[PDB]
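> Here it is, the structure, as structure tokens.
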4 protein chains.
Amino acid sequence: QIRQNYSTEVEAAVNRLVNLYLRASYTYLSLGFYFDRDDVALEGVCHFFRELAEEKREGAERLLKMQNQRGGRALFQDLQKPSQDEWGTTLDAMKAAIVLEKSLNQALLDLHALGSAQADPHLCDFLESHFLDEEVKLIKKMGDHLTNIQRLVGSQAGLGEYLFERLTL
Amino acid sequence: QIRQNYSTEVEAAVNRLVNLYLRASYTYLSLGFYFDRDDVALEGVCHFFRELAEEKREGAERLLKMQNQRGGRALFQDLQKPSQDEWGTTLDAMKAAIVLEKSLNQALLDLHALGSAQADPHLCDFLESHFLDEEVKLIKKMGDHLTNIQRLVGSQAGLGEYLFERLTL
Amino acid sequence: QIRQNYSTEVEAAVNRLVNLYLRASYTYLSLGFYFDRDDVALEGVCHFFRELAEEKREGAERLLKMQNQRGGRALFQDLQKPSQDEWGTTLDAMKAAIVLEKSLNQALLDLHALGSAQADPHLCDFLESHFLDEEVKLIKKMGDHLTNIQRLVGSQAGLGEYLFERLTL
Amino acid sequence: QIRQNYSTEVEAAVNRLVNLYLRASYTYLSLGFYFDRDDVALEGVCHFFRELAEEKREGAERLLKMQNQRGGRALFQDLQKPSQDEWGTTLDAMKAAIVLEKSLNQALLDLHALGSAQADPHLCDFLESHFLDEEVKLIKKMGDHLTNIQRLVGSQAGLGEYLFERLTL
Ligand SMILES: [Cl-]
Ligand SMILES: [Cl-]
Ligand SMILES: [Cl-]
Ligand SMILES: [Cl-]
Ligand SMILES: [Fe+3]
Ligand SMILES: [Fe+3]
Ligand SMILES: [Fe+3]
Ligand SMILES: [Fe+3]
Ligand SMILES: [Fe+3]
Ligand SMILES: [Fe+3]
Ligand SMILES: [Fe+3]
Ligand SMILES: [Fe+3]
Ligand SMILES: [Fe+3]
Ligand SMILES: [Fe+3]
Ligand SMILES: [Fe+3]
Ligand SMILES: [Fe+3]
Ligand SMILES: [Fe+3]
Ligand SMILES: [Fe+3]
Ligand SMILES: [Fe+3]
Ligand SMILES: [Fe+3]
Ligand SMILES: [Fe+3]
Ligand SMILES: [Fe+3]
Ligand SMILES: [Fe+3]
Ligand SMILES: [Fe+3]
Ligand SMILES: [Fe+3]
Ligand SMILES: [Fe+3]
Ligand SMILES: [Fe+3]
Ligand SMILES: [Fe+3]
Ligand SMILES: [Fe+3]
Ligand SMILES: [Fe+3]
Ligand SMILES: [Fe+3]
Ligand SMILES: [Fe+3]
Ligand SMILES: [Fe+3]
Ligand SMILES: [Fe+3]
Ligand SMILES: [Fe+3]
Ligand SMILES: [Fe+3]
Ligand SMILES: [Fe+3]
Ligand SMILES: [Fe+3]
Ligand SMILES: [Fe+3]
Ligand SMILES: [Fe+3]
Ligand SMILES: [Fe+3]
Ligand SMILES: [Fe+3]
Ligand SMILES: [Fe+3]
Ligand SMILES: [Fe+3]
Ligand SMILES: [Fe+3]
Ligand SMILES: [Fe+3]
Ligand SMILES: [Fe+3]
Ligand SMILES: [Fe+3]
Ligand SMILES: [Fe+3]
Ligand SMILES: [Fe+3]
Ligand SMILES: [Fe+3]
Ligand SMILES: [Fe+3]
Ligand SMILES: [Fe+3]
Ligand SMILES: [Fe+3]
Ligand SMILES: [Fe+3]
Ligand SMILES: [Fe+3]
Ligand SMILES: [Fe+3]
Ligand SMILES: [Fe+3]
Ligand SMILES: [Fe+3]
Ligand SMILES: [Fe+3]
Ligand SMILES: [Fe+3]
Ligand SMILES: [Fe+3]
Ligand SMILES: [O]
Ligand SMILES: [O]
Ligand SMILES: [O]
Ligand SMILES: [O]
Ligand SMILES: [O]
Ligand SMILES: [O]
Ligand SMILES: [O]
Ligand SMILES: [O]
Ligand SMILES: [O]
Ligand SMILES: [O]
Ligand SMILES: [O]
Ligand SMILES: [O]
Ligand SMILES: [O]
Ligand SMILES: [O]
Ligand SMILES: [O]
Ligand SMILES: [O]
């Protein structure tokens, strides 16, 4: 058929990466709707996480497309529910988001390493081009948000969270 | 004439609901002008309540129109003056506004129940379509405002009320 | 707070309905990528199911929004993986899609019944307005597709599936 | 001069790759004109292969440009005539086209490997950027075409080839 230079080890890892991105999308959907609760009511934070839910879903879709293009076979698994039901303050959430992104980034790096070992340059380039750069930029932006939240919620935590939501997000 | 499947019990309750919406409109007019006092001076809060005064008056007008359309007879009663002359802080006012809206909502639910009991689907649909959805959305928005006011007026109440008025309303 | 006339029984059922719509979205994502396999290669069928994946996800999002608006609390569960890894012919898939939609429709009808029993007209109207009508139209369209697939794959099944994909989808 | 980190082994392989792409261009020109014969008369298939002849020629031209940019020296060899004079059915041709593309792809992978061994990242990136991705997409598209041709020419081969040409190409 069309499959060429596409190992079963890479195929399986791409399937696992699809699951991790859909899991992340689901986490962001839960973060977003938590900040839209009447008793939380931070619309800018809700909007930030809803946008990330969409981006992670797009990530998954491009991986699946790539899997089909190389002749691998997509296999879906159960998607685990997010690690929490309530996500605390904006500070707590942005910390949980950075931890999540770093674990996706690490999965991307692990797949790139596997691609290198297997001499699969198309895999390596596809990750380089569509995932690694974007993760780095996103992680930087979250770290920046995290620094600003912290400087704000030193004293007067309520006031600080409100101003962050209104003036940054 | 035109009257069909329109009970006297529904007619009377529609008249009472008109009175409650005009009463609410009047309450909002008083809230709005209180926040426009030189010694209160929160223009965004004034504008929010003036807009609600207009919406409640529109509500009353659509009920009256519907009463005429079904062949019932509008009857007006005295409109009671608002429960207060001065409305305290933005926090106090938004609490009084939520209590008001919930009491309108309850009146709408009571009328819907009566409509169901009387087998009056046109009544049920007219409420569904023009009132119940809008009340729910409004109550959510007020609850959100209330949460943000509270998080702001934890410490530094004056500063918090000013920032809410400037950045949310 | 804002919660009014919103039973715990309805809240829980809304949470379960969110899970069913996300489960359906996931099923459609798997149907879509299966038809994009190089060894299946029916782009119109892929596009039809990808669009349904998006619609079901939108469905879930509106339910969550509504849950927040009424003051209920969203709770997410694990999303079960689709019932199959490979979906056979266009005929087999469209049959599996109709069965899925009818099971969503039945869940919507069950929730509407519960809403009626609980005297929750806002719930009843929200379903009426955004879900019941759309499900009916979609089920009709799938039944139409199914009839046309069947008339085509009487004799010359390969030729029939190709023509359906090219001239209908 | 300008030559830096550009091995004679890479230079020679780039020259061989230029020859393979021009050879492929020539094969596609012959495929295209065969389908334009009065006794074959499949215009859409002719147009598909003529477009591929142009793409492969562009491929060769970019390699030559790159050779000049790195300071290597282009050397041309005789271009071998296509492996066949007549190419049979649309099915036979699309099979021969996939085999051709996979042999170009393999040559690209071999050059990338050599580039890696020689620590020549500019070479590796130039291939990544302009050739490897495009080959993968093209091979997927040909595999899709091949699947659709096969499902069509099950029964009624003449009818199937005509419909493919008219509705896909
Ligand atoms: Cl291979
Ligand atoms: Cl009557
Ligand atoms: Cl209640
Ligand atoms: Cl050198
Ligand atoms: Fe909102
Ligand atoms: Fe977006
Ligand atoms: Fe968007
Ligand atoms: Fe958006
Ligand atoms: Fe995006
Ligand atoms: Fe986006
Ligand atoms: Fe992006
Ligand atoms: Fe997008
Ligand atoms: Fe994008
Ligand atoms: Fe594709
Ligand atoms: Fe919880
Ligand atoms: Fe909860
Ligand atoms: Fe690389
Ligand atoms: Fe930045
Ligand atoms: Fe003014
Ligand atoms: Fe207005
Ligand atoms: Fe106005
Ligand atoms: Fe106005
Ligand atoms: Fe209005
Ligand atoms: Fe208005
Ligand atoms: Fe309105
Ligand atoms: Fe108006
Ligand atoms: Fe209006
Ligand atoms: Fe009239
Ligand atoms: Fe007074
Ligand atoms: Fe006074
Ligand atoms: Fe109803
Ligand atoms: Fe809101
Ligand atoms: Fe495609
Ligand atoms: Fe769409
Ligand atoms: Fe779309
Ligand atoms: Fe689309
Ligand atoms: Fe939609
Ligand atoms: Fe859509
Ligand atoms: Fe829709
Ligand atoms: Fe849409
Ligand atoms: Fe829509
Ligand atoms: Fe909202
Ligand atoms: Fe399977
Ligand atoms: Fe499979
Ligand atoms: Fe109803
Ligand atoms: Fe209704
Ligand atoms: Fe139709
Ligand atoms: Fe011609
Ligand atoms: Fe061209
Ligand atoms: Fe051209
Ligand atoms: Fe052209
Ligand atoms: Fe080109
Ligand atoms: Fe071109
Ligand atoms: Fe190109
Ligand atoms: Fe061109
Ligand atoms: Fe080009
Ligand atoms: Fe130059
Ligand atoms: Fe010959
Ligand atoms: Fe000949
Ligand atoms: Fe590389
Ligand atoms: Fe690279
Ligand atoms: Fe394709
Ligand atoms: O909201
Ligand atoms: O978005
Ligand atoms: O996106
Ligand atoms: O994206
Ligand atoms: O004012
Ligand atoms: O207004
Ligand atoms: O209005
Ligand atoms: O309105
Ligand atoms: O595709
Ligand atoms: O779409
Ligand atoms: O949609
Ligand atoms: O929709
Ligand atoms: O032609
Ligand atoms: O072309
Ligand atoms: O091209
Ligand atoms: O190209």
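By order of appearance in the structure tokens: chains A, B, ..., then residues from 1 within every chain, and ligands from 1 in the order shown.
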What residues of the protein or nucleic acid chains come within 10 Å of ligand 13 when you use only C-alpha atoms and all ligand atoms? Reply as a list in words.
residues 54, 55, 58, 59, 62, 130 and 134 of chain A
> So that I have them on file, write out the residues from the current selection with N, CA and C atoms, as a short mmCIF file (atom, residue, chain, number, x, y, z; two decimals), in the first residue's frame.

data_model
loop_
_atom_site.label_atom_id
_atom_site.label_comp_id
_atom_site.auth_asym_id
_atom_site.auth_seq_id
_atom_site.Cartn_x
_atom_site.Cartn_y
_atom_site.Cartn_z
N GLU A 54 -9.99 23.89 22.34
CA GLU A 54 -10.06 23.83 20.88
C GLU A 54 -8.68 23.54 20.26
N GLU A 55 -7.62 24.22 20.71
CA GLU A 55 -6.28 23.99 20.16
C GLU A 55 -5.82 22.55 20.36
N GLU A 58 -7.63 20.32 17.88
CA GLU A 58 -6.98 20.48 16.59
C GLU A 58 -5.68 19.69 16.48
N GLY A 59 -4.85 19.76 17.54
CA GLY A 59 -3.65 18.96 17.66
C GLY A 59 -3.95 17.48 17.40
N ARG A 62 -4.86 16.79 13.67
CA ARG A 62 -3.70 16.77 12.79
C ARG A 62 -2.87 15.50 12.98
N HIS A 130 4.70 21.44 13.48
CA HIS A 130 3.33 21.72 13.90
C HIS A 130 3.11 21.67 15.42
N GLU A 134 5.00 25.46 18.89
CA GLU A 134 3.75 25.97 19.44
C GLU A 134 3.69 25.69 20.93
#
> For residue 162 (chain A), work out the shell of residues within 9 Å, counting only C-alpha atoms and skipping chain neighbours fewer than 2 positions away, then give it as an mmCIF file with C-alpha atoms, in the first residue's frame.

data_model
loop_
_atom_site.group_PDB
_atom_site.id
_atom_site.type_symbol
_atom_site.label_atom_id
_atom_site.label_comp_id
_atom_site.auth_asym_id
_atom_site.auth_seq_id
_atom_site.Cartn_x
_atom_site.Cartn_y
_atom_site.Cartn_z
ATOM 1 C CA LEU A 42 -14.135 34.909 35.612
ATOM 2 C CA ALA A 157 -5.997 38.147 46.340
ATOM 3 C CA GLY A 158 -9.610 38.855 45.217
ATOM 4 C CA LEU A 159 -8.715 42.285 43.781
ATOM 5 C CA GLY A 160 -5.626 40.775 42.077
ATOM 6 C CA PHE A 164 -5.688 39.950 35.931
ATOM 7 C CA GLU A 165 -8.883 38.641 34.280
ATOM 8 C CA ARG A 166 -9.947 42.147 33.171
ATOM 9 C CA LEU A 167 -6.610 43.615 32.024
ATOM 10 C CA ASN B 148 -17.155 39.768 41.313
ATOM 11 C CA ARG B 151 -14.295 39.226 45.591
ATOM 12 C CA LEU B 152 -13.493 42.932 45.144
ATOM 13 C CA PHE B 164 -16.121 47.003 39.259
#
> Per DSSP on the backbone, what are the alpha helix (DSSP H) residues of region 29-120 of chain B, as a VMD selection string?
chain B and resid 29 to 35 43 to 69 90 to 117
> Which protein, DNA or RNA residues have an atom within 12 Å of ligand 58, counting only C-alpha atoms and all ligand atoms, as a count of residues only?
9
> In terms of the shortest atom-to-atom distance over only C-alpha atoms and all ligand atoms, which of C:53, C:93, C:2, C:31 is closest to ligand 37?
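The answer is C:53, which sits nearest to ligand 37.
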> List every residue of chain C that has an atom at most 10 Å from any atom of chain A, and for each one report the closest atom pair and its distance in Å to one decimal, counting only C-alpha atoms, with rows sorted by chain and then by increasing residue number, as a tab-separated table.

residue	atom	partner	partner_atom	distance
C:1	CA	A:39	CA	8.2
C:2	CA	A:38	CA	7.8
C:3	CA	A:38	CA	9.7
C:22	CA	A:26	CA	9.7
C:23	CA	A:79	CA	9.6
C:26	CA	A:76	CA	9.0
C:27	CA	A:76	CA	9.5
C:29	CA	A:61	CA	8.7
C:30	CA	A:76	CA	7.5
C:33	CA	A:64	CA	7.2
C:34	CA	A:74	CA	7.9
C:35	CA	A:68	CA	9.9
C:36	CA	A:68	CA	6.9
C:37	CA	A:68	CA	5.5
C:38	CA	A:71	CA	6.8
C:39	CA	A:1	CA	8.2
C:61	CA	A:29	CA	8.7
C:64	CA	A:33	CA	7.2
C:65	CA	A:33	CA	7.5
C:67	CA	A:37	CA	9.1
C:68	CA	A:37	CA	5.5
C:69	CA	A:38	CA	7.6
C:70	CA	A:38	CA	9.1
C:71	CA	A:38	CA	6.8
C:72	CA	A:37	CA	8.7
C:73	CA	A:37	CA	7.9
C:74	CA	A:33	CA	7.8
C:75	CA	A:85	CA	6.4
C:76	CA	A:81	CA	6.2
C:77	CA	A:81	CA	5.2
C:78	CA	A:81	CA	4.5
C:79	CA	A:79	CA	4.8
C:80	CA	A:78	CA	4.7
C:81	CA	A:78	CA	4.5
C:82	CA	A:76	CA	7.5
C:84	CA	A:76	CA	9.3
C:85	CA	A:75	CA	6.4
C:86	CA	A:75	CA	9.2
> Could you write out that same residue set with N, CA and C atoms as an mmCIF file, in the first residue's frame?

data_model
loop_
_atom_site.group_PDB
_atom_site.id
_atom_site.type_symbol
_atom_site.label_atom_id
_atom_site.label_comp_id
_atom_site.auth_asym_id
_atom_site.auth_seq_id
_atom_site.Cartn_x
_atom_site.Cartn_y
_atom_site.Cartn_z
ATOM 1 N N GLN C 1 -28.155 31.526 46.115
ATOM 2 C CA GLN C 1 -27.431 31.927 44.889
ATOM 3 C C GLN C 1 -28.490 32.109 43.801
ATOM 4 N N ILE C 2 -28.313 31.450 42.660
ATOM 5 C CA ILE C 2 -29.170 31.723 41.515
ATOM 6 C C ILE C 2 -30.079 30.512 41.314
ATOM 7 N N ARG C 3 -29.707 29.377 41.909
ATOM 8 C CA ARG C 3 -30.405 28.148 41.584
ATOM 9 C C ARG C 3 -31.883 28.261 42.001
ATOM 10 N N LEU C 22 -20.668 13.948 24.270
ATOM 11 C CA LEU C 22 -19.231 13.840 24.025
ATOM 12 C C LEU C 22 -18.846 12.447 23.518
ATOM 13 N N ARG C 23 -19.539 11.416 24.011
ATOM 14 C CA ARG C 23 -19.277 10.020 23.566
ATOM 15 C C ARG C 23 -19.614 9.915 22.073
ATOM 16 N N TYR C 26 -17.064 11.649 19.895
ATOM 17 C CA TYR C 26 -15.910 10.765 19.781
ATOM 18 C C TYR C 26 -16.180 9.643 18.769
ATOM 19 N N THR C 27 -17.367 9.014 18.832
ATOM 20 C CA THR C 27 -17.736 8.014 17.830
ATOM 21 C C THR C 27 -17.617 8.584 16.406
ATOM 22 N N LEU C 29 -15.813 11.142 15.330
ATOM 23 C CA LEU C 29 -14.415 11.380 14.987
ATOM 24 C C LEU C 29 -13.765 10.090 14.459
ATOM 25 N N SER C 30 -14.035 8.968 15.121
ATOM 26 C CA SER C 30 -13.536 7.666 14.706
ATOM 27 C C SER C 30 -14.152 7.239 13.365
ATOM 28 N N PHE C 33 -12.372 9.471 10.604
ATOM 29 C CA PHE C 33 -11.018 9.105 10.234
ATOM 30 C C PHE C 33 -10.954 7.717 9.597
ATOM 31 N N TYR C 34 -11.882 6.806 9.933
ATOM 32 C CA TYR C 34 -11.898 5.508 9.256
ATOM 33 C C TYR C 34 -12.128 5.687 7.745
ATOM 34 N N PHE C 35 -13.035 6.610 7.357
ATOM 35 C CA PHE C 35 -13.367 6.758 5.930
ATOM 36 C C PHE C 35 -12.269 7.511 5.175
ATOM 37 N N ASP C 36 -11.321 8.091 5.915
ATOM 38 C CA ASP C 36 -10.163 8.791 5.362
ATOM 39 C C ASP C 36 -8.946 7.853 5.245
ATOM 40 N N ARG C 37 -9.070 6.577 5.656
ATOM 41 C CA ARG C 37 -7.994 5.608 5.475
ATOM 42 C C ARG C 37 -7.734 5.412 3.979
ATOM 43 N N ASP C 38 -6.467 5.148 3.636
ATOM 44 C CA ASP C 38 -6.109 5.034 2.233
ATOM 45 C C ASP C 38 -6.833 3.843 1.620
ATOM 46 N N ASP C 39 -7.193 2.858 2.451
ATOM 47 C CA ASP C 39 -7.804 1.629 1.978
ATOM 48 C C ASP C 39 -9.323 1.692 2.070
ATOM 49 N N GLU C 61 -21.411 21.366 24.847
ATOM 50 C CA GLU C 61 -21.104 22.723 25.234
ATOM 51 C C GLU C 61 -22.348 23.544 25.571
ATOM 52 N N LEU C 64 -23.614 22.268 28.830
ATOM 53 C CA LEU C 64 -22.820 22.682 29.969
ATOM 54 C C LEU C 64 -23.125 24.130 30.324
ATOM 55 N N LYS C 65 -23.270 24.958 29.290
ATOM 56 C CA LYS C 65 -23.601 26.362 29.468
ATOM 57 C C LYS C 65 -24.921 26.482 30.232
ATOM 58 N N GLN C 67 -26.281 24.249 32.188
ATOM 59 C CA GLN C 67 -26.063 23.756 33.549
ATOM 60 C C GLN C 67 -25.548 24.897 34.430
ATOM 61 N N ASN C 68 -24.527 25.600 33.934
ATOM 62 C CA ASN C 68 -24.002 26.768 34.647
ATOM 63 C C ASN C 68 -25.092 27.841 34.829
ATOM 64 N N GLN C 69 -25.893 28.076 33.777
ATOM 65 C CA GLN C 69 -26.881 29.166 33.852
ATOM 66 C C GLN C 69 -27.938 28.903 34.943
ATOM 67 N N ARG C 70 -28.278 27.630 35.179
ATOM 68 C CA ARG C 70 -29.273 27.259 36.171
ATOM 69 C C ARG C 70 -28.639 27.090 37.550
ATOM 70 N N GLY C 71 -27.314 27.197 37.635
ATOM 71 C CA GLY C 71 -26.702 27.025 38.951
ATOM 72 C C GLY C 71 -26.413 25.561 39.290
ATOM 73 N N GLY C 72 -26.508 24.640 38.333
ATOM 74 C CA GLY C 72 -26.081 23.273 38.630
ATOM 75 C C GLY C 72 -24.561 23.121 38.557
ATOM 76 N N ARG C 73 -24.058 21.943 38.883
ATOM 77 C CA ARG C 73 -22.606 21.819 38.846
ATOM 78 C C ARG C 73 -22.255 20.755 37.821
ATOM 79 N N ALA C 74 -21.467 21.127 36.811
ATOM 80 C CA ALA C 74 -21.007 20.174 35.804
ATOM 81 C C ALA C 74 -20.123 19.132 36.490
ATOM 82 N N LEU C 75 -20.281 17.848 36.154
ATOM 83 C CA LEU C 75 -19.323 16.841 36.595
ATOM 84 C C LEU C 75 -18.995 15.977 35.384
ATOM 85 N N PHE C 76 -17.715 15.813 35.079
ATOM 86 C CA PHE C 76 -17.322 15.020 33.920
ATOM 87 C C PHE C 76 -16.953 13.596 34.354
ATOM 88 N N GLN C 77 -17.234 12.621 33.482
ATOM 89 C CA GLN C 77 -16.848 11.227 33.683
ATOM 90 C C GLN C 77 -15.927 10.808 32.540
ATOM 91 N N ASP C 78 -15.379 9.610 32.666
ATOM 92 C CA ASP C 78 -14.524 9.041 31.608
ATOM 93 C C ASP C 78 -15.342 8.922 30.333
ATOM 94 N N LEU C 79 -14.709 9.211 29.223
ATOM 95 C CA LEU C 79 -15.427 9.000 27.976
ATOM 96 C C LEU C 79 -15.017 7.654 27.403
ATOM 97 N N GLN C 80 -16.002 6.764 27.279
ATOM 98 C CA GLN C 80 -15.834 5.469 26.681
ATOM 99 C C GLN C 80 -15.490 5.625 25.212
ATOM 100 N N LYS C 81 -14.575 4.759 24.785
ATOM 101 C CA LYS C 81 -14.102 4.708 23.421
ATOM 102 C C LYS C 81 -15.236 4.181 22.554
ATOM 103 N N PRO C 82 -15.223 4.510 21.245
ATOM 104 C CA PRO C 82 -16.297 4.103 20.329
ATOM 105 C C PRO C 82 -16.459 2.577 20.312
ATOM 106 N N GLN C 84 -16.536 0.415 17.999
ATOM 107 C CA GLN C 84 -15.811 -0.309 16.975
ATOM 108 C C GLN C 84 -14.571 0.501 16.613
ATOM 109 N N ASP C 85 -13.572 -0.189 16.037
ATOM 110 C CA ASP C 85 -12.302 0.351 15.558
ATOM 111 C C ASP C 85 -12.355 0.526 14.032
ATOM 112 N N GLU C 86 -13.114 -0.352 13.370
ATOM 113 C CA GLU C 86 -13.327 -0.311 11.925
ATOM 114 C C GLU C 86 -14.839 -0.341 11.718
#
> When you draw a straight line from CA of residue 100 (chain B) to CA of residue 28 (chain B), how long is it in Å?
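Interatomic distance, CA of residue 100 (chain B) to CA of residue 28 (chain B): 9.9 Å.
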